[PDB]
There are 4 protein chains.
Amino acid sequence: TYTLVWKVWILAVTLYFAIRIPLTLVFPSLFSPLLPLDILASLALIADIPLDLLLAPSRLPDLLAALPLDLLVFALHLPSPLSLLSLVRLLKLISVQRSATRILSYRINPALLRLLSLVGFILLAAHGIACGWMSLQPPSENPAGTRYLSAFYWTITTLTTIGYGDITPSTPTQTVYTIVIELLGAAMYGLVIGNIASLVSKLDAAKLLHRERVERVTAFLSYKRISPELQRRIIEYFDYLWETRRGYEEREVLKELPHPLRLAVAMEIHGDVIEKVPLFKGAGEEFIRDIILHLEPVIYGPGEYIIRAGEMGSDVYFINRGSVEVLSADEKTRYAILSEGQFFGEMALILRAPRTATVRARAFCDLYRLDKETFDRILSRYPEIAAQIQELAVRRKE
Amino acid sequence: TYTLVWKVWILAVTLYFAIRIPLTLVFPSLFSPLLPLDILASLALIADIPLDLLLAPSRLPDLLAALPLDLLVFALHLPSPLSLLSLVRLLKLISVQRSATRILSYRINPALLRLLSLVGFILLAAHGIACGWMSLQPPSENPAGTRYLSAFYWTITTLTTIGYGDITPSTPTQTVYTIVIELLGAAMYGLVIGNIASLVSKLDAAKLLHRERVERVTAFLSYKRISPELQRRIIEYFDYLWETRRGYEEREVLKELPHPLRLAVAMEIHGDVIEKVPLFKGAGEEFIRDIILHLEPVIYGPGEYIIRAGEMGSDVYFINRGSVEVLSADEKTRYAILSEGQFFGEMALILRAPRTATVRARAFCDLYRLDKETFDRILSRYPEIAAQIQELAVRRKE
Amino acid sequence: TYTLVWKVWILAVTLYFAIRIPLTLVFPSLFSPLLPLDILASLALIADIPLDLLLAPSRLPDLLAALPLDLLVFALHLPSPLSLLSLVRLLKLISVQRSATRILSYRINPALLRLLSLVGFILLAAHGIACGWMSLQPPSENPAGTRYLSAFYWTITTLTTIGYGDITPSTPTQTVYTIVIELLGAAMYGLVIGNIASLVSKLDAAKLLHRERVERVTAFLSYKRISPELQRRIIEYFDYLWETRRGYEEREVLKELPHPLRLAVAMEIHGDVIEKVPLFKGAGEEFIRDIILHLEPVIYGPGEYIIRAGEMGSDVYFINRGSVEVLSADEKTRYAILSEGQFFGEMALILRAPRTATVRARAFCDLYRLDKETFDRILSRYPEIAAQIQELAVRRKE
Amino acid sequence: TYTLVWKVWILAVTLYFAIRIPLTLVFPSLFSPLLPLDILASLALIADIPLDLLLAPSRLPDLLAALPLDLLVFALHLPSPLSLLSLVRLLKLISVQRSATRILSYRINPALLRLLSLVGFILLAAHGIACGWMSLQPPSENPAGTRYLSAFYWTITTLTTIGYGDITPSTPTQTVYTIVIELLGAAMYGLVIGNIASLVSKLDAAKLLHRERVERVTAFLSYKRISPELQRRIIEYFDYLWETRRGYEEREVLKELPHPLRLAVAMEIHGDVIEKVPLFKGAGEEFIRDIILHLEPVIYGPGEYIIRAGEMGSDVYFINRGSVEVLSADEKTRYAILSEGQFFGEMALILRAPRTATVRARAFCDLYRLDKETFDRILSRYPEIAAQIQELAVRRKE
Ligand SMILES: Nc1ncnc2c1ncn2[C@@H]1O[C@@H]2COP(=O)(O)O[C@H]2[C@H]1O
Ligand SMILES: Nc1ncnc2c1ncn2[C@@H]1O[C@@H]2COP(=O)(O)O[C@H]2[C@H]1O
C-alpha cells in the first residue's frame, strides 16, 4: 500500500490546486501567505514522472501540469488575458481520474464511480465558474465572504436550470458569459440526467437481474391462476436461491474465463464437496480436475419426487446440504434417510437396472447432477474408484 | 393476514412520525396536546423486535429508531443544534420500505412500486425541507397556515427546477440552505426522470414485448408489399395469440424453473387436455408426467393445409379447440370433421405408411405437436396404450 | 372504410367536447348559441354502443361518457363544486385512444404514435389547466382573449418547468392549485423526456440496427489497420445490402411466424426465382413448398472466388442477379459467363467428382445456397427432376 | 479527395445562408453590400445537381433550395408575410447533413455525430429564433449589437428551460411566439437529453463492453471470497486482454461478414503466424485458406498447466508470443523451452499415444487451438505436410 498514500496525496494536491488558482485569479491579494504550500505542491507535481512505474499522445497532461507556470504569473503581475495561462494545472484532473479508475479496493461500480467523478467535476466546475463570474463584476466594498457566496449561489442556480432571476447579468460582457455557462449548464445537467438514468440499473446488478427474472415468471403464473400452494412453494424456492447463490447461475459467469482460471475457480468453490464426500478424500490430484467442472448443482423442494420407481434414470446425485429419504415399492416403508456426504442412484449404470424405489427430499436438498457419460468415462479411466463404487453398490443390495 | 394489519399500522405510525417531528421542531408550541399519540407510537416502535419473526450491519435502523429520543428533547427544551438529534425516527423509513417490498398481494411491478416509493419519499422530503426552510426565517406575526403554505410552495418550486423567483433567500444562512436543497432537488429530479425513463418499458411487460415483436415483422412484410390477404390473416393470427396466450411462448418462461416445479406447472396448465382426451382419462399417474412436458401447442388459420398427401410426416397432432376436416385424394370428398378430443395422423408411425389424405383446419385449431421419438418411447414403454392406438388406427382403416 | 369516417367523427366530437366543457365552466355566458352542436354531439355519443361491433371492467367509460350529464348542469345553473361533474365526457379519451391504436393504415411506430398521443394529451391538459386557473381568478374587466391568452401562457410556462415568474399566484387558494399543477407538470415533463429517450431508437428500427451492426465491425477492422482496398469492398458490400434488403436477414424475422404463414411469405417473396429458373417453370405445386424455404441468399463481391478447383464442395448455387464466369485449370481460359437463370456446381453430388474448374463472379451476384441433404432428398423423392439434372450435367460434360 | 473540398464548400455556403437570411429579414438595411457573396452562393447552389454523381420523393430539397427565391424578395421589397418565402434555403440543411453522414474519414460514432449535428441544429435554430423575436419588437434607437445580444440571450434562456424572467413578452403577438418557442424548447431539450442518455453507452463501445463484462465476474468472484492470488492473476489476464485485443473476441465480430470477406480478414490478421511457422513458409495458396479460419487464439498465465501427463488431448497448440517449457514424468527435469515458431503435442494424433510429459507456459503465451478433426482432414488431404509432421515427431522422439 506504499502507492495508495502517494495517490491520495496527489489527489489532494491536485484538488487543492483546482480549488486554489482561480480563487487567486479573482483575488490577487492572496498567494502572499501560501507560498510554502505552493512550493511543496510544485515539488510534488514534478516528482511523479519517475515514481509512477516519455512524451506520449495520452501522457502529455502530466508534463503539461508539472511545468511551474504557477508561482510566476502572480509574481510578475501579468495582465489577466496573459496570466490566464496558469490554469494548466487543471489538466492533472484527467490523470488523477484515470489513476483512481485503475486502482480500487472495494471494486466500486463503474457507473456509480463515474457519477461520483461527475459530481466532483461539476462541483469543481461550479467553483471555477463562480470565481470567473466574480472576476468580471463591478468593483464594490463587500467582504469576500458575501461576495463569493452570492456568486456561487448564482452559478449553482444556472447550472441547475432553476433560474430564480434575483441576480442577473447587466452588461454585455456579462451577458456573453451568462450564455456560455447556460449552454454548459444544459450540457452538464444532461450528462447528469443520463448518468442517473443509466445507473438505476447498474448498482447491485444481481439484485436487479434476479428481480426482473422472477417478476415475469410470477406475473405469467399468477395470470394462469394456478393453485396458490404452488405459488407459495415456487416463491419459497426463488427466495432460497436469493439467499444461497444471490440469484446466480454458475454458467452465466464462468463461460467467459479461459480453461485454467475456470478450473481454479471451480476448485476454490467446490473444495467443500471435495472435502466431505467419502471416496473424494484425497482421491487424486488429477481426478478432481476432471470431475469438478461437471457437477451441476440442482435444488429441490420439501417433498418433491427426486426419482420415481420404474424410471431409467442413469445419473448419480450427490448431497451437499439436506436429508433425503427413499420410499420403497409399498409406498409406506422407508429404508433410511440420506444426509450430507453420501449419494444415491449408484445402482443405475453399473448394474443396468431400473430404479428400485422412489426417492424424495425432506426440506431443501442441494444436489450435484452428474451426467452418465462423465460417470462412464471416470469408471473406464479410474479402476479403484469403480471397484469402490461397486463395493458400496453391492453393500446397499444386501 | 395477522401481519398485514401490523405492517399497515407500522407504516402509518412511521409516516405519522416523519410528518410530525420536524413540524414541531419549527413549532415548539405543539407536542403539548399530542402526548398520548406519541406515547402509543413509542410503545409500538419498541414493540416490533420480538414480533417481526440482534445487532446486525443491516438491522441496526430498527433499534436506532425504537430508542425514545423523542418525547425527551422537547421535554428538556434542548437547543436546536442539540435537539436536532430527534430525527433518528426517520431511519425507520428504510425498514418499512423493505418490509413493504417483501410483502405483496397484487404483485406490483418493482419499477412502478419503486416510483411510488420515490414519490412518497420526495413528498416526505418536500415536507421536511419546507419545515426546515420555515425554521430559519425571520420572526413574523403570521398564522401557521399561510406561513407553512408559502414554505411548501417554495420547496416544491425549487425541487421541481421551476424557480419562479417570487420568494428567494435574502440572508447568507438562507443562501447556503438554498444551495444545498438546489443540489438535492437536481439529484431528486434526476432520479425521478430516470425512474420514468426506465418504467415506460416495465409496466405490463408482455403488452409491450408482444407489440415490439409484432411491429418489426409487420414493417418488413409490408415493405415487401406482399398480398394484403396474407397481411389480414397474419394480423388475425397475431391478435388471436394476443387474446389467447397474451403474446407468450411457454418456453420463454418455463426454461428457468427446475424440473419438478416445471412438471407441476405443466400439469396445472394442461389438466384440460388431460381431462378430455379419450385414452388419457386416468391413463396413469406416471405416463402423464412423461408426456405432458413435450406437447408443443401449434396454431393454424382458417383453411391452412395441416398435412398434405404424400408426405412422410410422423407426428401426431392433438385437438384442444377447433374442428378439422380431412380431404381425400379426389380433393372433393371429405371423410368427416374432427372436433375437440380426437387426433389425426396416427397411421404414420405404427403403420409406416405415407399420408393417406390431406387434412385442413376450419377456423382456428389449437393443436399439440408431439415428436416421433417421444411417441416411439411411449409405445415401447406402455403396451396397453399401443394396443389401443393400433385399435383406433385399424378401426379408422375400415 | 365505412368505419374510418365514423372513427374520425367520434375523435372529432370527443376532441370538441374536451376543448369545450371547461371553457364554458369558466365562461357561463356560452352554451347559449351552441345548443345544436351539443345536441348532435350527445346523439353521436349515445349512438356508438350498437355500432361498435354490456357492462365490463374496461368498457365502462363508454357509458360513463355517453350519459347526458352535459346540457343539464348549465341548464339548472348548479354550483361550481356540484356542476363540476360535467367533466365525465373526458373519459371518452381512453376509448378513442384505444380505438385509434387498434386501427391504422400507415402502421405508425407504436412509440412515435404514443408520443403523438402524449403530445395531444398534454396539449389538452394544458388547455384544461389554463381554464381552471382562469376560473379562480379575481374578477376583472378584460376581454376573454387576453384573459385566456395570459392563462394559457402561464400554464405552458409551469408545465415546461421554465417559470419566468412574471405572473405568479397571490392567494392561498391559487397557491395550492399552483403546487398541484407544478407536481403534475414535473410528472408530465418526465413522461415526455422518457418518451423521447425511448423513441430515439424506435423509429426506422432497421435503419438504426443496421448502422449499429456495421459500426462495431468497421471500428474493429479499422483498428486492425488492414488493407484499405478491403475496407472499400467491405463498405461497398454493406451499402449494397442496405440498398437491397435494407440491412435485413430473413431468419431474423421469419423465425417467429408459424409454419404455414412462413411458407406463404416465402412463396410471395421467392416467386421471382420460381418464375425464371428453367426446371422450376411449373415443376410442381408441392415441390416448391418443400424447396422454397431452404434457399439461403448469399452475396459475393466483384471478383471473389466462389468455388476453387480441387475442393469437395457439394452445394448448388442458383443465380438471381448477376453474371458468373468460370476459369479452367489453366487460369487463362474461361468456358462462358453464367447470367441469371442457370446455376453451377451440379456435377458435384450426382457425379461424385471434385470441382473441375474455378468459378468467380463479375460485379455482384445474388445466389441461393442449397444444402447437400436437401438436394439428396429431392433427388430421391422426385425422379424426373433428377433425370433432367443429370441431363444438363452430362450435356455440360460434352 | 476532389469531392471533400466541394462538400466542405457546400457546407460552408449553406451555413452562411442559414445564418444570413433571417438576420436580413429583421435588418433590411443589409443585403446592399453583400451582393457578390450572394451571387456566388446562388451559383454554387444551382451548380451541384450535375456534380453530385431528377425529381424524387427524397431529392426534392436540392431543387427547392437551389431556386433563387433569394436576391429577389429584398430587391422588390415584398411585405414580411409574403417575403417570408425566402427561408426555403434552410431545406438544404437536410441534404448537407445526409451528405456529411455518407462521407467520413475518422468514422465518427453515429450517436456522437448525431449529437454534434443536433448541437449545430439547435445553435442554428437559436439564431433563427433570436432573429424572429427581434423582428416583432417595438422600434428603438439601439445599436444592432446590444439589440441582438439581448435577443439571443433571451432565446438561449427559453430553449434551456432556465427562464430568469428579466426580459419577458409584453404583447399578445409576442406572447403567442413565446408559447410556440417554449414548446419547441421543451422538445429540443428533450431530444438533447435523450441523445446524451443514449450516447453515454455509444462512444468507445469496446471500452464499455469490456468493463461491463469484467465487472460482473469480479463482483461474483469477490463475493465468493476466493484466494486473493487468484484475484490478482485473473485481473492480470483481463488487463492483458484489454491491452492486446482491446477486450475482443474474434467471433463476436466476424460472425456477420460473408465467407470470402471473412477469409480475407482472417488472412490480413493472421499473416504473422503464416509468416513465422516453419512448415507454413509458402506451404500453399489454398492450404492457408482452409486452415487460417480455424485457429482459435487461447491465452494462459505464467505457470499454468497447459496439458498434463496421462491425458488424451489430441489438439496441437501453436505459439505466437511466449516461451513454453515441458516438465517430464519426474517433475524435476525439463527437456527445453519452446519459444515462438514451434508447437507441441504433435505426437498425440499421428502416434495415438498419451501425453508423454507435462507442458507449462512461462509468462503469457498466445496459442492457436486447432481441433482434431481439422488436423485429420489436412493430414488426409495434404500428404507432404503429413510426412514433414511425422518427420519432426519422430525426430522429437529421438
Ligand atoms: N437399503 C437401502 N438403504 C438406503 N438407500 C438404499 C437402499 N437400497 C437402495 N437404496 C438407494 O435408493 C435408491 C433408489 O433407487 P436407485 O436405483 O436410484 O438407487 C437406489 C439406492 O441408491
Ligand atoms: N375414414 C376416416 N375418417 C376420418 N379421418 C380419417 C379417416 N381415414 C383416415 N383419417 C385420418 O386422416 C388422416 C390423414 O392422413 P394421416 O396419415 O395423417 O392419418 C389420417 C387419419 O388420421
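- Method of determination, as given in the entry header: cryo-EM; reported resolution: 3.8 Å.

## With respect to the interface of chain A and chain D
Stage number 1. The interface of chain A with chain D comprises 47 residues on the first partner and 39 residues on the second.
Stage number 2. Both faces combined, the contact of chain A with chain D buries some 4000 Å², and carbon together with sulfur accounts for 66% of it.
Stage number 3. Among the residues chain A hides against chain D, the three largest losses belong to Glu182(A), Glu256(A) and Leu261(A). Together they make up 14% of the total.
Stage number 4. Taken together, the connections running from chain A to chain D amount to one salt bridge.
Stage number 5. The partner of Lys202(A) in a salt bridge is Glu212(D), with the nearest N and O atoms 3.3 Å apart.
Stage number 6. Remark: the boundary between chain A and chain D carries five residue pairs in polar contact.
Stage number 7. Considering each element in turn, the side of chain A that touches chain D owes the most residues, 14 residues, to helix α9 (residues 172-199) of chain A.
Stage number 8. In terms of residue class, the side of chain A that touches chain D is built from 23 nonpolar, eleven polar and 13 charged.

## Overview of the environment of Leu351(B)
Residue and element names in this part refer to chain B.
Stage number 1. Looking at where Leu351 falls in the secondary structure, it is placed in the loop between β6 (343-344) and β7 (358-361).
Stage number 2. The spatial distance from the C-alpha of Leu351 to the C-alpha of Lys332 is 26 Å, given a sequence separation of 19 residues.
Stage number 3. Not counting the four nearest positions on each side in its chain, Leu351 is found in contact with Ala393 and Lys397.

## Re the packing of aromatic side chains
Stage number 1. Counted according to the given criterion, the structure contains 52 aromatic pairs over all chains.
Stage number 2. Note on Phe287(B) and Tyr382(B): the rings are 5.2 Å apart at their centroids and 40° apart in plane angle, and the pair reads as tilted. Note that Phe287(B) is positioned in helix α14 (residues 285-291) and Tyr382(B) in the loop between α15 (372-381) and α16 (383-397), a separation of 95 residues in sequence.
Stage number 3. Overall, the relative accessible area of 2% leaves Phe287(B) in the buried class.
Stage number 4. Using a relative accessible area of 16% as the deciding quantity, one classes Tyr382(B) as buried.
Stage number 5. Both rings, one in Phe31(D) and one in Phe74(D), keep their centres 5.1 Å apart while their planes meet at 50°; by these two values the pair is tilted.
Stage number 6. Clustering of aromatic rings is evident, with ring pairs tying together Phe280(A), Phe287(A), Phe318(A), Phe343(A) and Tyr382(A).
Stage number 7. Of note, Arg89(C) hangs over the ring of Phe17(C), and the distance from its end group to the ring centre comes to 4.8 Å.
Stage number 8. One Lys or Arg, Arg308(D), reaches over the ring of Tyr305(D) and ends 3.4 Å from the middle of that ring.

## Quick notes on the pairing of strand β3 (residues 316-321) of chain C
All names here are of chain C.
Stage number 1. Extensive coverage of β3 is indicated by the burial of five of its six residues.
Stage number 2. Note that β3 and strand β6 (residues 343-344) share two bridges and pair antiparallel. When the sheet's bridge partners are listed, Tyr317 is paired in β6 with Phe344.

## Examining the sheet that holds strand β7 (residues 358-361) of chain C
The strands making up a sheet are joined through hydrogen bonds of the backbone, oriented either antiparallel or parallel.
All names here are of chain C.
Stage number 1. Spatial strand order, β2-β7-β4-β5: four strands in an open sheet with antiparallel pairing. Across the chains shown, the open sheet's two edge strands, defined by having one partner strand only, are β2 (305-307) and β5 (334-338). Averaged over all neighbouring strand pairs, the angle between strand axes comes to 30°, with direction disregarded.
Stage number 2. The pairing of strand β4 (residues 324-327) with β7 spans four bridges and is antiparallel. The residue bridging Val324 from the neighbouring strand is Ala361, located in β7.

## Structural notes on the relation of the copies chain A and chain D
Stage number 1. Expressed as a screw transformation, the operator carrying chain A onto chain D has a rotation angle of 90° and an axial translation of 0.0 Å, and the superposed copies differ by an RMSD of 0.0 Å. Those values place the two copies in the arrangement expected of a four-fold rotation axis.
Stage number 2. The residues that chain A uses at the interface reappear at the interface of chain D in only 13% of cases, marking distinct surfaces.

## Regarding the packing of helix α8 (residues 144-159) of chain A against helix α9 (residues 172-199) of chain B
Stage number 1. It is the contact of α8(A) with α9(B), at a shortest axis distance of 10 Å, that shows an interaxial angle of 25°. Viewed along their axes, α8(A) and α9(B) adopt a mutual orientation that is roughly parallel. Our pair here, α8(A) against α9(B), has a crossing hand that is left-handed. Residue-level inspection shows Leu149(A), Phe152(A), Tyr153(A), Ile156(A) and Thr157(A) of α8(A) in contact with α9(B), the latter providing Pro172(B), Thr175(B), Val176(B), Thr178(B), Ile179(B), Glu182(B) and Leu183(B).
Stage number 2. Grouping the constituent residues of the contact of α8(A) with α9(B) by class yields eight nonpolar, three polar and one charged.

## Quick notes on the site of ligand 2
All names here are of chain B.
Stage number 1. In the vicinity of ligand 2, the contacting residues are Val326, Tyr335, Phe344, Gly345, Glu346, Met347, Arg355, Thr356, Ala357 and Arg396.
Stage number 2. Contacts to ligand 2 include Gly345, whose backbone N or O atom sits 3.0 Å from an oxygen atom.
Stage number 3. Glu346 is positioned such that a nitrogen or oxygen atom in its side chain is 2.8 Å from an oxygen atom of ligand 2.
Stage number 4. When isolated, ligand 2 has an accessible area of 460 Å², and the protein chains bury 89% of it.
Stage number 5. Looking at the shell around ligand 2 residue by residue, the class counts come to five nonpolar, two polar and three charged.

## Remarks on the side chain of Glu346(A)
Residue and element names in this part refer to chain A.
Stage number 1. The topology assignment puts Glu346 in the loop between β6 (343-344) and β7 (358-361).
Stage number 2. A relative accessible area of 3% means that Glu346 is categorised as buried.
Stage number 3. A polar side-chain atom of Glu346 sits 2.7 Å from a polar atom in the side chain of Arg396.
Stage number 4. In contact with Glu346, other than residues within four places in its own chain, are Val316, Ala393 and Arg396.

## Details of the site of ligand 1
All names here are of chain A.
Stage number 1. Taken together, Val326, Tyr335, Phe344, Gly345, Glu346, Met347, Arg355, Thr356, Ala357 and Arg396 make up the full set of residues near ligand 1.
Stage number 2. Within the side chain of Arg396, an N or O atom sits 3.1 Å from a nitrogen atom of ligand 1.
Stage number 3. Expressed as a share of its isolated accessible area of 460 Å², the protein-covered part of ligand 1 is 89%.
Stage number 4. Tallied by class, residues from the shell around ligand 1 come to five nonpolar, two polar and three charged.

## What to know about helix α16 (residues 383-397) of chain D
Residues and elements named next belong to chain D.
Stage number 1. Relative to the 21 Å expected for 15 residues at 1.5 Å per residue, α16 spans 21 Å between its end C-alpha atoms, a close match to the ideal helical length.
Stage number 2. For α16, the full list of buried residues reads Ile385, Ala386, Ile389 and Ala393. Buried residues of α16, seen end-on, are gathered within an arc of 100° and therefore sit on one face of the element. Turned more than 90 degrees off the buried face of α16, the exposed positions are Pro383 and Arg395.
Stage number 3. At its buried positions, α16 is contacted by α15 (372-381).

## Overview of a nonpolar patch on the surface
Residues and elements named next belong to chain B.
Stage number 1. Together, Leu54, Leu55, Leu60, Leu63, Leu64, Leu91 and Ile94 make up an exposed nonpolar region whose accessible area comes to about 760 Å².
Stage number 2. No other element matches the three residues that helix α3 (residues 60-66) contributes to the nonpolar patch.
Stage number 3. When you line up the elements, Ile94 lands in helix α6 (residues 92-102).
Stage number 4. Assessed through its relative accessible area of 45%, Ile94 is described here as partly exposed.

## Things to note about the pairing of β4(C)
Residues and elements named next belong to chain C.
Stage number 1. Of the pairings in the sheet, the one linking β4 to β5 comprises three bridges and is antiparallel in character. From the neighbouring strand, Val324 faces β5, where its bridge partner is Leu338.
Stage number 2. The hairpin turn running from β4 into β5, its antiparallel successor, is six residues long, and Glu331 in that turn takes a positive phi close to 45°.

## Concerning the sheet that holds strand β8 (residues 365-370) of chain D
Residues and elements named next belong to chain D.
Stage number 1. Spatial ordering of the open sheet is given by β1-β8-β3-β6, a layout of four strands whose pairing is antiparallel. Looking at strand neighbours, the two that pair on one side only are β1 (299-300) and β6 (343-344), the edges of this open sheet.
Stage number 2. Pairing of strand β3 (residues 316-321) with β8 involves five bridges; the strand directions are antiparallel. Among the inter-strand pairings, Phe318 is bridged to a residue of β8, identified as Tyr368.

## Side note on the interface of chain B and chain C
Stage number 1. Facing 39 residues of chain B, the contacting portion of chain C comprises 47 residues.
Stage number 2. Taking both sides of the interface into account, the surface hidden between chain B and chain C amounts to around 4000 Å²; carbon and sulfur atoms contribute 66%.
Stage number 3. In terms of surface lost to chain C, no three residues of chain B exceed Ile162(B), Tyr164(B) and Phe220(B), which account for 17% of the buried area on that side.
Stage number 4. Our count for the contact surface shared by chain B and chain C stands at one salt bridge.
Stage number 5. The interface formed by chain B and chain C contains five residue pairs in polar contact.
Stage number 6. Listed by contribution, the elements that provide at least two residues to the side of chain B that touches chain C are α8 (144-159), α9, α10 (205-223), α11 (228-244) and β1 (299-300) of chain B.
Stage number 7. Of the residues forming the side of chain B that touches chain C, the biggest block, nine residues, is contributed by α10(B).
Stage number 8. Taken together, the residues of the side of chain B that touches chain C break down into 23 nonpolar, five polar and eleven charged.

## A few points about the environment of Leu338(C)
Residue and element names in this part refer to chain C.
Stage number 1. Along the chain, the position of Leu338 falls in strand β5.
Stage number 2. Under the relative-accessibility criterion, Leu338 is labelled buried at 11%.
Stage number 3. On a C-alpha basis, the gap between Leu338 and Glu325 in space is 6.0 Å, while along the polypeptide they are 13 residues apart.
Stage number 4. For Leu338, the contacting residues outside a window of four places in its chain are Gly322, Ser323, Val324, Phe343, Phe344 and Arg396.

Definitions and cut-offs
- Residues numbered from 1 in each chain as written, not as in the entry; some residues may be left out.
- Chains lettered and ligands numbered in written order.
- Heavy atoms only, no water.
- Contact = heavy atoms within 4.5 Å.
- Buried area = accessible area lost by both parts, 1.4 Å probe.
- Salt bridge = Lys/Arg side-chain N within 4 Å of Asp/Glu carboxyl O.
- Polar contact = N/O pair within 3.5 Å; in protein donor to acceptor, adjacent residues only side chain to side chain.
- Helix = DSSP H or I, 4+ residues; strand = E, 2+ residues; numbered from the N terminus.
- Nonpolar A, V, L, I, M, F, W, Y, C, P; charged D, E, K, R; others polar.
- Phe/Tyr/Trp six-rings, centres within 6.5 Å; stacked < 30°, edge-to-face > 60°.
- Buried < 20%, exposed > 50% of the residue type's maximum accessible area, 1.4 Å probe, protein only.
- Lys NZ or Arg CZ within 6 Å of the ring centre and 35° of its normal.
- Pairing = 2+ DSSP bridges.
- Axes fitted to C-alpha atoms, helices over the stretch in contact; angles between N-to-C directions.
- Least-squares fit on C-alpha atoms.
- Parallel < 35°, antiparallel > 145°, perpendicular 65-115°, else oblique.
- Left-handed = near helix turned anticlockwise from the far one by under 90°.
- Near = heavy atom within 4 Å.
- Areas by Shrake-Rupley, 256 points an atom, 1.4 Å probe, with all protein chains shown as cover.
- Expected span 1.5 Å × (residues − 1).
- Arc of directions from axis to C-beta.
- Patch = residues over 30% accessible without salt bridge, like charges linked within 9 Å, V, L, I, M, F, W, Y side chains within 5 Å.

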